[PDB]
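Colleague: Top line first, the protein sequences correspond to chains A, B and C. Mapping the first sequence onto this note's numbering, position 10 (from 1) lands on 10, and the numbers just tick up by one. This note's numbering runs 1000 ahead of the 1-based position in the second sequence. This note's numbering runs 2000 ahead of the 1-based position in the third sequence. Next up is a structure, given as structure tokens.
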Amino acid sequence: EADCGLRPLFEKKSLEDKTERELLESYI
Amino acid sequence: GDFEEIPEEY
Amino acid sequence: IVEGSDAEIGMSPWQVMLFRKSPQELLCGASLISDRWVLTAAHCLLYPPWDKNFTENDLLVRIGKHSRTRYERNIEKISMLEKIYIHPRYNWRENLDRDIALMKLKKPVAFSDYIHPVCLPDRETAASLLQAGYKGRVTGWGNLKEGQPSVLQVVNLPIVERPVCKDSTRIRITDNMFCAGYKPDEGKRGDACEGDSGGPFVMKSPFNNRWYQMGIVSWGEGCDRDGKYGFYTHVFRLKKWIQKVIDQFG
Ligand code: NA
Ligand code: NA
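Right, dumping it as structure tokens:
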């Protein structure tokens, strides 16, 4: 909850999912 | 129906 | 979800499945916002034109799921509802304005690698991120075309300028809604669809690398039609009601 929005298998291990970069690239 | 049955406990 | 992809494992650990006890069937999507609160669309629970009015006892929440139909032993958790809370100005008569509801679980759910809450936006994140062209992600076990998937589906969609949203439909759209999707000319496509209802539209903040729930799958005309866009409940706009519910009945 204070840890909201950080996924155990991605953000917390510093792994990226296969298409999250597409979101980033849109934040123009 | 298409669904696997969940434990009766639920 | 149409023209989406299979989710990765643990990619959407806030994804919730709203499940009917009898006959056991998917009802809707939903999302985990704390260890005891689930967010969904009001129309998932109340929709008089179709004789829909579910009570607590009719439903279960299934969290940490991946497979639509299988019971995911040792992974998913299945929770009971203590109480349902529907927006008191939810407009089911005309346009699904304020299409939002809260569900309080009987017992706190245990977080795991597959079960984790999403954040709700503050005004500055909302202002920074809810911009035409910025993409969000929508997830669901809904139909694949205007027929169901084996696992959770995912699709990334750009937020659409309000004038284009309005000009795409005859429905009256409000400030409590936003629309997302590709235009006919952009080439690519994808949409939410029936069964994706109440599921989250999320964005990853580039400021602090956390996932925020900006919308709720609410409505559309067909699914993935050229010239049409999916409509989403504007979570930040109804934030005050959310806090209030969780403060009062927390
Ligand atoms: Na219009
Ligand atoms: Na479309």
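Cβ atoms here follow ideal geometry from the backbone N, Cα and C, with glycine treated the same way.
Do C:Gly2220 and C:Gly2140 have their C-beta atoms closer together than 8 Å?
Modeller: no
Colleague: Okay, do the region 2031–2049 of chain C and the region 2097–2105 of chain C touch, 3+ Cβ pairs below 8 Å being the bar?
Modeller: Judged by pairs of C-beta atoms under 8 Å, the region 2031–2049 of chain C touches the region 2097–2105 of chain C, as three or more such pairs exist.
Colleague: Just to confirm, does C:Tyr2229 get its C-beta within under 7 Å of one of the non-hydrogen atoms of ligand 2?
Modeller: yes
Colleague: When you check each C-beta in the region 2069–2087 of chain C against every C-beta of chain B, which residues fall closer than 7 Å?
Modeller: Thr2069, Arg2070, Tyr2071 and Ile2078
Colleague: Identify every residue that forms a DSSP beta bridge with C:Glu2025.
Modeller: C:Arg2020
Colleague: I'd like to know whether the C-beta of C:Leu2060 is nearer than 8 Å to at least one C-beta of chain B.
Modeller: Between C:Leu2060 and chain B, the shortest Cβ-Cβ separation is below 8 Å.
Colleague: With DSSP collapsed to three states, give me the class of C:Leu2060.
Modeller: strand
Colleague: Does DSSP classify C:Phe2249 as helix, strand or coil?
Modeller: helix
Colleague: So which residues of chain C does B:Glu1005 contact, with C-beta pairs closer than 8 Å?
Modeller: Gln2024 and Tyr2071
Colleague: Of all the options C:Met2017, C:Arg2020, C:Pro2013 and C:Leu2018, which has the alpha carbon lying nearest to the alpha carbon of A:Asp17?
Modeller: C:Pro2013
Colleague: Counting beta carbon pairs with one atom in the region 2072–2080 of chain C and one in the region 2045–2054 of chain C, are three or more of them shorter than 8 Å?
Modeller: no
Colleague: Are the CB atoms of C:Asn2143 and A:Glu22 within a distance shorter than 8 Å?
Modeller: no
Colleague: Do the region 2114–2134 of chain C and the region 2088–2103 of chain C meet, that is, are 3 or more Cβ pairs less than 8 Å apart?
Modeller: no
Colleague: CA-CA distance, C:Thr2040 and C:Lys2145?
Modeller: So the two alpha carbons sit approximately 22 Å from each other.
Colleague: Any Cβ of chain A within less than 8 Å of the Cβ of C:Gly2064?
Modeller: Residue contact check for C:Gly2064 against chain A: no CB pair falls below 8 Å.
Colleague: Rounded to a whole number of angstroms, what is the C-alpha to C-alpha distance between C:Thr2233 and C:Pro2121?
Modeller: 13 Å
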